[PDB]
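Below is one structure; the comments refer to it alone.
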Amino acid sequence: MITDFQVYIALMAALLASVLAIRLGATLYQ
Amino acid sequence: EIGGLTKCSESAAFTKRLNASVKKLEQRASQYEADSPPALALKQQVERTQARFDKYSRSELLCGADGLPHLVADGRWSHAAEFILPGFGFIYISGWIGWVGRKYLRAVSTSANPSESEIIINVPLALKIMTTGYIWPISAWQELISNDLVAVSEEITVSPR
Amino acid sequence: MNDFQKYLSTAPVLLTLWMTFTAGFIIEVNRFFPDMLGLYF
Amino acid sequence: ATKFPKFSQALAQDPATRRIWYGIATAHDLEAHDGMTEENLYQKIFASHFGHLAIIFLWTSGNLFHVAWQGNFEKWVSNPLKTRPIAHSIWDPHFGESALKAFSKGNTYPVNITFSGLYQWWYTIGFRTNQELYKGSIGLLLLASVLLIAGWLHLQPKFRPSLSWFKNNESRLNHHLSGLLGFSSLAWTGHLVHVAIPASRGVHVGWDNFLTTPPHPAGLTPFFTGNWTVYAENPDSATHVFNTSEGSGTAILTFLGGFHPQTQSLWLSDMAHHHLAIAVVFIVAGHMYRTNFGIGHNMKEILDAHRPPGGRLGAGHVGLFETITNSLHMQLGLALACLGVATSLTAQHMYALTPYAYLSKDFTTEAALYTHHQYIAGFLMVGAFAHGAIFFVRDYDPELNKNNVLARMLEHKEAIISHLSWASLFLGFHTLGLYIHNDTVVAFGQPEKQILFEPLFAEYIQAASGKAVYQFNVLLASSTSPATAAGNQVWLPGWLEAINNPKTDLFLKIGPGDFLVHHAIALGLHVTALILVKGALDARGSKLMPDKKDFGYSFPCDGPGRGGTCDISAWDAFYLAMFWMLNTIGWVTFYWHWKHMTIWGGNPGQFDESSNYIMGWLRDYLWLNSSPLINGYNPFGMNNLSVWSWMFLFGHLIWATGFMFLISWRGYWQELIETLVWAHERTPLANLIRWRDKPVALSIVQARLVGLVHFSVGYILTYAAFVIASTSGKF
Amino acid sequence: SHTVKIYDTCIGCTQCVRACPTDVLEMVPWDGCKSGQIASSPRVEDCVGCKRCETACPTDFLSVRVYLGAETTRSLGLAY
Amino acid sequence: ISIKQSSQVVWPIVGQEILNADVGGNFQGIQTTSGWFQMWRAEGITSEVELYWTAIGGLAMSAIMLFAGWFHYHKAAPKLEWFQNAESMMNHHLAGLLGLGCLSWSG
Amino acid sequence: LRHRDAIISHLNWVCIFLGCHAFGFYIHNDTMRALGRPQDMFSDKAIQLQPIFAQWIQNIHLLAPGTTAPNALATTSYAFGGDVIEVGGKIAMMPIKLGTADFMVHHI
Amino acid sequence: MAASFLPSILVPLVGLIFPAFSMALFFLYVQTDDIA
Amino acid sequence: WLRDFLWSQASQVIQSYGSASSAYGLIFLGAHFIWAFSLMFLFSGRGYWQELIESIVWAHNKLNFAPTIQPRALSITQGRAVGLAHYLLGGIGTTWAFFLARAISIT
Ligand code: CLA
Ligand code: CLA
Ligand code: CLA
Ligand code: CLA
Ligand code: CLA
Ligand code: CLA
Ligand code: CLA
Ligand SMILES: CC1=C(C/C=C(\C)CCC[C@H](C)CCC[C@H](C)CCCC(C)C)C(=O)c2ccccc2C1=O
Ligand code: SF4
Ligand code: SF4
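Protein chains in written order, with the deposited numbering: chain D, 1 to 30; chain X, 25 to 185; chain H, 1 to 41; chain G, 2 to 732; chain P, 2 to 81; chain A, 109 to 215; chain U, 431 to 538; chain W, 1 to 36; chain E, 646 to 752.
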């Protein structure tokens with residue numbers, strides 16, 4: 001089964017992706 | 025035979041359909057007296073059903089697994105009675121109608137009031153022109169050769185491209 | 001009588017008469033020659 | 002540009018609620034934005050493309066993560082035919098206790114069952130455990146981050162590509178053919194030989210051991226010695242149990258044909274060989290154009306050289322290179338057209354030539370996949386024609402294309418449109434007439450009077466591919482044919498076993514019902530094409546509006562003068578053709594679903610007999626199969642299909658609500674909103690609050706779009722609920 | 002504000018001016034036609050875009066053309 | 109109670125005679141739902157001859173209405189002052205049309 | 431004509447109120463039944479919406495024959511109450527009872 | 001803390017908190033008179 | 646309503662083929678057809694149809710014939726009127742066939 005640690009790792013990677021997505025969106029906005 | 029089918033005169037499902045239809049009609053007929061008009065009407069329906077099934081049996085019609093006639097329309101003459109000959113009749117009739125309509129419209133295009141002749145038909149001219157429909161293909165050929173069938177593009181309006 | 005004939009010559013009256021005649025002959029053909037699934041007779 | 006939307010001064014100064022709506026609807030039309038240059042347009046599109054690819058990879062990573070975390074993929078792998086694959090868990094505080102229990106059947110917690118075919122595909126490509134799926138999810142999450150970074154970077158001043166880079170046709174085509182397609186296909190072959198084939202033979206090959214586990218005992222010696230037949234020797238036997246070593250062979254490249262006997266899907270060796278040959282073809286193709294090394298073709302020269310000497314095509318293809326290069330709309334139209342064809346081909350080939358293990362046994366998944374891909378294909382085709390029309394309005398230059406094929410289409414648009422109209426009218430008249438004749442004769446209890454044309458041409462095609470049922474002794478159905486003697490050498494035995502196997506979908510048996518429904522489908526295709534083609538060809542102008550190009554692709558009308566001009570724009574042709582696309586794809590999917598439901602139910606004869614008249618469709622397809630769907634909840638309880646019952650009613654409601662926008666038009670609503678404004682201004686304690694954007698009725702075009710969106714969403718949701726619920730509640 | 006253009010096919014019939022509900026158009030002297038006048042649209046700020054002027058114009062094709070553009074309170078016909 | 113009311117019969121052509129339902133009473137036809145039999149029985153109609161006479165009178169009244177329309181358009185057309193007689197029209201339509209109609213029907 | 435704005439604005443509001451409540455009853459019920467929450471529905475077996483005014487009128491009409499219409503021997507219509515009228519084994523008319531479903535449909 | 005708690009934690013954040021703040025932010029952005 | 650009223654009580658109208666009620670099944674279908682046909686008029690506008698008619702008039706002119714009564718798409722108001730008339734005919738006739746088949750079965 002997927003461990004809690006693996007889930008938390010996936011969530012951290014998602015957080016990174018989200019900040020990069022906000023950055024790209026603001027950049028495209030300009 | 026063609027398409028893995030069988031003749032309706034050799035189809036057990038076809039004959040089963042005939043028997044079932046006749047049986048339901050006769051069950052309905054059995055509720056009345058023999059001389060009642062409902063009984064006579066039902067027995068005439070029985071005769072017409074039997075005549076139809078027999079006519080389909082004696083024909084060249086093919087039958088699928090369902091026991092219903094299927095039509096062959098790939099161009100074979102052995103089944104030409106199903107699409108080719110009726111198609112010939114339809115083309116002849118429809119060409120007649122269209123040719124006489126076009127001829128009448130073109131004839132009244134030079135009348136005093138062309139628009140009036142479209143909503144109020146000049147019946148004598150119309151009947152005369154309609155009687156000429158039977159040679160519509162020959163007339164069409166002559167109109168095509170004499171450059172009266174097809175107009176030029178320079179004479180037809182178009183929109184900006 | 002000329003005016004009445006011209007009224008009978010109008011498009012809707014003639015279409016009604018012509019379609020009634022055409023429907024009549026189709027109906028009669030099917031009354032005397034019923035159930036023609038192709039020209040087999 | 003001081004208020005939203007900053008890309009449009011005209012919209013930003015509108016004082017009504019319209020300003021908001023239009024801003025949202027014009028955000029992605031970057032060509033129309035204030036101060037846009039061509040170079041900035043290409044750069045912004047490039048960055049947006051990186052964003053879109055990031056979204057796709059996030060979606061795939063999420064599917065992998067939810068299956069790994071909450072699915073039953075290991076249980077499904079251990080027992081494919083008796084497990085229902087899980088999509089994700091449900092957590093919904095609105096559920097009652099009965100609902101939780103109903104949605105937790107076969108499990109300990111409420112779940113949705115997946116109908117996307119992901120389990121079958123992942124199983125076929127070698128996935129076996131939750132850990133592997135989780136690793137895939139993590140990789141795709143990181144790749145999405147990389148794509149977002151790339152999108153940001155290529156907007157920085159030192160990394161913005163120039164217009165010349167975006168207009169380098171030969172190099173982009175070379176790389177996309179040889180690298181994006183050919184090398185990707187080669188790498189996929191490598192995956193299949195190293196990973197998927199061993200997995201199918203009960204052998205684990207992963208990142209832990211792939212460097213020291215050769216995919217063939219003979220190694221790469223045969224490949225380098227040209228003794229390649231060694232890779233075809235010893236295929237999996239007819240008794241091979243998939244995922245186990247019993248009956249397994251060692252061939253990695255084959256041309257067996259047909260299906261694996263147990264999975265009833267394509268051989269993995271056959272698919273590996275397919276992708277290897279594909280890789281060769283595409284890598285070779287990607288060397289055609291001249292980039293930096295002297296050799297190769299120039300596309301402009303190719304185009305300019307192809308003019309028939311007689312002159313029946315006029316100037317030929319001269320002018321098309323600049324037209325295509327300088328028009329993003331024509332490029333997009335070509336892309337959407339080819340993608341639509343490819344999506345339809347995906348739908349048609351996946352059901353017949355099953356590529357994934359056990360997929361043909363998951364009936365609901367089959368129906369969902371076919372319907373999904375056919376609807377997407379319809380949307381893509383409509384888009385292709387819409388962007389063709391946009392190209393004609395915005396990008397077409399008559400002088401650059403003078404007397405070429407593109408201009409000559411415009412020159413004979415009247416003949417094209419009139420003949421398409423004749424074809425549409427002929428198909429409609431005769432198909433509807435035959436259906437009605439059959440309906441009438443069956444209603445009067447005389448089914449033997451039906452007109453039932455046998456689809457002889459298609460049956461002949463099936464026979465030519467080897468189908469024996471129709472008694473045509475032609476080509477591959479003929480023992481003595483040259484085609485048979487040639488084909489028996491490679492693939493013909495397996496193909497003949499599959500095609501003459503009635504348990505497969507390889508060339509389903511057809512009859513008169515198939516004939517009539519196919520002519521209906523042709524009607525739908527021709528009418529949809531007629532609307533789209535007339536919209537594109539009249540986009541620039543018509544007799545009724547000779548200067549239409551000055552008004553743009555989309556505009557409401559030209560007023561009530563000249564007899565009335567509602568729905569005159571090319572956008573309006575797109576809008577009308579959306580209805581016909583939906584109707585056509587509906588006919589297609591109804592046909593697919595009903596034929597398969599009768600096959601799966603063990604009674605093909607019901608379709609064969611009742612599909613020949615409309616009442617048969619209404620009664621034996623829709624009415625009969627509505628039953629489990631409409632009983633998902635009732636006065637006595639609910640089951641796990643209740644969500645589909647609710648979605649069915651939801652779709653009906655959305656569709657009907659779309660009718661309101663489509664039928665009632667703007668003036669009524671604007672007058673009503675005037676009284677609403679009066680009421681709010683005159684109501685104490687509520688007039689303390691005021692709008693800062695004047696309420697107005699939706700615009701003419703906006704209402705057409707909103708009605709169309711409601712119609713389309715309702716159509717899709719209703720049919721999806723029906724197909725899923727009917728298939729899953731029956732089987 | 003909407004755009005209203007007069008093309009030189011105008012015959013100075015004054016019908017568009019009489020049709021206008023918001024007084025956008027007026028007749029001005031001109032030597033290009035027999036009537037000695039042409040239409041003009043000096044007050045496009047008050048044009049609602051009803052296109053009654055186009056409905057009234059007798060030439061083929063139209064001599065007055067209304068192209069709808071940036072919406073204002075005046076062009077939206079708002080009493081509020 | 110057991111016989112289904114039927115007042116429309118179809119001709120035997122192209123198989124449509126199936127529409128002549130077995131409605132009872134040695135009769136085949138279409139089951140009609142406009143309530144004619146109930147109304148006729150309530151009126152006291154017991155024979156088809158009474159129905160024939162009512163139909164003949166209906167034809168006579170139809171011709172009379174048609175002649176009256178022709179007469180009051182082409183031969184004797186009332187002046188506008190005649191039409192603007194709301195008081196007299198109400199008096200006649202209440203007392204004569206509705207009142208005498210009710211009295212005679214009660215008779 | 432001089433207060434058309436008031437008339438139309440108030441009628442518009444009445445229409446929104448009626449539509450939202452009357453049709454939202456049905457939508458609420460569909461959602462509750464789908465979620466496996468029958469006890470949360472608007473129904474006779476649940477949260478009830480009894481048409482008490484209609485029922486009061488029905489009772490009054492049922493009691494009318496002897497008291498407020500003393501010379502009437504039976505009710506004007508059996509739909510208001512009374513026995514079942516049977517003809518040939520089929521029901522001609524019997525009392526038509528009004529509950530929550532009748533409330534919802536009358537408001538529709 | 002366990003991952004099995006995440007739905008009941010995350011679903012209200014995704015379906016209630018996030019749309020409310022996103023809608024408030026978009027409302028504030030569309031009501032702003034000078035954005036650039 | 647969708648299950649216990651429409652789906653359930655439509656059984657008679659959809660199972661009527663081959664009986665005296667088959668006219669009701671046919672009219673049920675034809676009314677559905679006319680109702681759907683009305684949506685073409687209700688959802689579209691005459692500018693499109695006039696432009697299509699231009700291409701068709703071209704084909705007739707290309708063969709040297711065309712009416713002097715020039716073909717025109719229906720007016721805006723006539724488009725609405727036709728759409729609504731077919732909508733009402735289709736919907737009401739569908740309910741008509743459905744009610745009549747159901748009630749003839751249950752009576
Ligand atoms: C493939 C999807 C896609 C892409 C690549 C784009 C790209 C673009 N959009 Mg579009 N848009 C889209 C979908 C997309 N959009 C959708 C679905 C809508 C709703 C209909 C819109 C509506 C829209 C409007 C109204 C506008 C744009 C604009 C733009 C451009 C400016 C960038 C921007 O908007 O900032 C990106 C947005 C942000 C940075 C804000 C938040 C979004 C980030 C990326 C993710 C959210 C964080 C995450 C959810 C946090 C979770 C928290 C939770 C767990 C608690 C850019 C070209 C603007 C423009 O100027 O056009 C020229 C503009 O005004 N778009
Ligand atoms: C070999 C190196 C290489 C590679 C791997 C790529 C890859 C890519 N580039 Mg390209 N690019 C390259 C070189 C390369 N490029 C060069 C040298 C230039 C400058 C000349 C460009 C200029 C460029 C631009 C301007 C853009 C790209 C974009 C892209 C992306 C396209 C979208 C996508 O992801 O679909 C990948 C799809 C697949 C892997 C599957 C394709 C299958 C399709 C459906 C065809 C299937 C047909 C089938 C095989 C057979 C026909 C069917 C028939 C039987 C009916 C993709 C990542 C776009 C992008 O989105 O960037 C962010 C973009 O806008 N590139
Ligand atoms: C078309 C080419 C192709 C495709 C689509 C696949 C697809 C797959 N392979 Mg296969 N494979 C291939 C070719 C391919 N392979 C080739 C040529 C070989 C050598 C013969 C293999 C050998 C192989 C082995 C041994 C295994 C696989 C496995 C897999 C599966 C899981 C892979 C995975 O973990 O995804 C996640 C994605 C990746 C791992 C790659 C992306 C990694 C990103 C980019 C990392 C980001 C780097 C960056 C520095 C990060 C920091 C920066 C950032 C945070 C900003 C997946 C189905 C595995 C499996 O489970 O099979 C069932 C497995 O064990 N493959
Ligand atoms: C089921 C409803 C329905 C039907 C039957 C039609 C039918 C048609 N559409 Mg329409 N359409 C519809 C819905 C429908 N549409 C909707 C909802 C929209 C979105 C607004 C459209 C938008 C649309 C566009 C944009 C176009 C069409 C076109 C067409 C024609 C296509 C060619 C054809 O099949 O000719 C065959 C004719 C028919 C099938 C209709 C005739 C029906 C019967 C058989 C005729 C019977 C006549 C009867 C005997 C006489 C009356 C009896 C009595 C009253 C006197 C056809 C008339 C196209 C066109 O004009 O092509 C030429 C076209 O460009 N439609
Ligand atoms: C298209 C219009 C139309 C059609 C085709 C029908 C068809 C029918 N009506 Mg209906 N009817 C209509 C409009 C129509 N109605 C309207 C607008 C009203 C309101 C006044 C009625 C009130 C009505 C009554 C009360 C009855 C019918 C009945 C019938 C059926 C028997 C026909 C008959 O001859 O009975 C003849 C009618 C009677 C024998 C009873 C008439 C009693 C009324 C009160 C007479 C009123 C006349 C009066 C002068 C009108 C002026 C009103 C005044 C305020 C100015 C038949 C189905 C009868 C039925 O259902 O039988 C089974 C029936 O009893 N109709
Ligand atoms: C089923 C499709 C449908 C629906 C839902 C509507 C709905 C409406 N129509 Mg429309 N109409 C329709 C078909 C439909 N119509 C069609 C096909 C036409 C063409 C003839 C029209 C032409 C038309 C006209 C001419 C008029 C209307 C008007 C109305 C409104 C009536 C007032 C009202 O009750 O609001 C209440 C809202 C509803 C009844 C809809 C659902 C209510 C829900 C179930 C309860 C409340 C939920 C709440 C908002 C929470 C939402 C949660 C969400 C945020 C997630 C209402 C919004 C009228 C109007 O605006 O009057 C003020 C009006 O004059 N319509
Ligand atoms: C884009 C694909 C995608 C989709 C549609 C979903 C959908 C869902 N997730 Mg999942 N999730 C995903 C990817 C996705 N997830 C990935 C890659 C991870 C690993 C980080 C997770 C980790 C995760 C957890 C731990 C949980 C969910 C849960 C859920 C459910 C409730 C929403 C929620 O609260 O999640 C919260 C989601 C996050 C905190 C991380 C989101 C990460 C993805 C990549 C965001 C995607 C952004 C998207 C592409 C933007 C475009 C959409 C927009 C234009 C419309 C819902 C079914 C909950 C659940 O299962 O309830 C039963 C839950 O507890 N997800
Ligand atoms: C289809 C359609 C048309 C095209 C339909 C037209 C022009 C009607 C054609 C009617 C025919 C020509 C009259 C009846 C004739 C028969 C159909 C064929 C007999 C031919 C001759 C005997 C006259 C519109 O003009 C239109 C206008 C505004 C909103 C919606 C629509 C709309 O939906
Ligand atoms: S569009 Fe209307 S308001 Fe504008 S100039 Fe013409 S008539 Fe006047
Ligand atoms: S623009 Fe047209 S209507 Fe106005 S004056 Fe000129 S010709 Fe007359």
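We put the beta carbon where it would ideally sit given N, CA and C, even for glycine.
Identify the continuous beta strand (DSSP E) that holds residue i and give its terminal residues.
i                      : result
residue 4 of chain P   : 4 to 7
residue 39 of chain P  : 38 to 41
residue 150 of chain A : First-last for residue 150 of chain A: 144 to 151, but that is the alpha helix (DSSP H), not the beta strand (DSSP E).
Residue i and residue j look like a contact to me (Cβ under 8 Å); what is the Cβ gap, rounded to whole Å?
i                      : j                      : result
residue 107 of chain X : residue 95 of chain X  : 7 Å
residue 491 of chain U : residue 510 of chain U : 4 Å
residue 10 of chain X  : residue 149 of chain X : What the structure shows of chain X is the stretch from 25 to 185, and residue 10 of chain X is not part of that stretch, so it cannot be assessed.
Taking the continuous alpha helix (DSSP H) assigned at residue i, which residues delimit it?
i                      : result
residue 489 of chain U : 482 to 493
residue 88 of chain G  : Note, residue 88 of chain G: premise wrong, no alpha helix (DSSP H); beta strand (DSSP E) at 87 to 90.
residue 629 of chain G : 628 to 631
residue 176 of chain A : 156 to 178
Looking only at its chain, what residues have a beta carbon closer than 7 Å to the beta carbon of residue i, apart from the 5 residues adjacent to it on each side?
i                      : result
residue 255 of chain G : 233, 236, 268, 270, 271 and 274
residue 436 of chain G : 517, 614 and 615
Going along the chain, which residues of its own chain have a beta-carbon closer than 8 Å to the beta-carbon of residue i, five neighbours each way excluded?
i                     : result
residue 19 of chain P : 57
**Prompt:** Considering only residues of the region 664 to 731 of chain E, which uninterrupted alpha helix (DSSP H) runs meet the minimum length of 4 residues and lie entirely inside it, listed in chain order?
**Reply:** 667 to 688 and 691 to 706
**Asked** Quick one, what's near ligand 8 if you take every residue whose CB is closer than 5 Å to any heavy atom, in chain order?
**Response** Spelled out in chain order, the answer is E:685, E:686, E:689, E:691, E:694, E:718, E:719 and E:724.
**Prompt:** Which residues, in chain order, sit with a beta-carbon under 5 Å away from any heavy atom of ligand 5?
**Reply:** In chain order, the residues with a C-beta atom nearer than 5 Å to some heavy atom of ligand 5 are A:142, A:143 and A:147.
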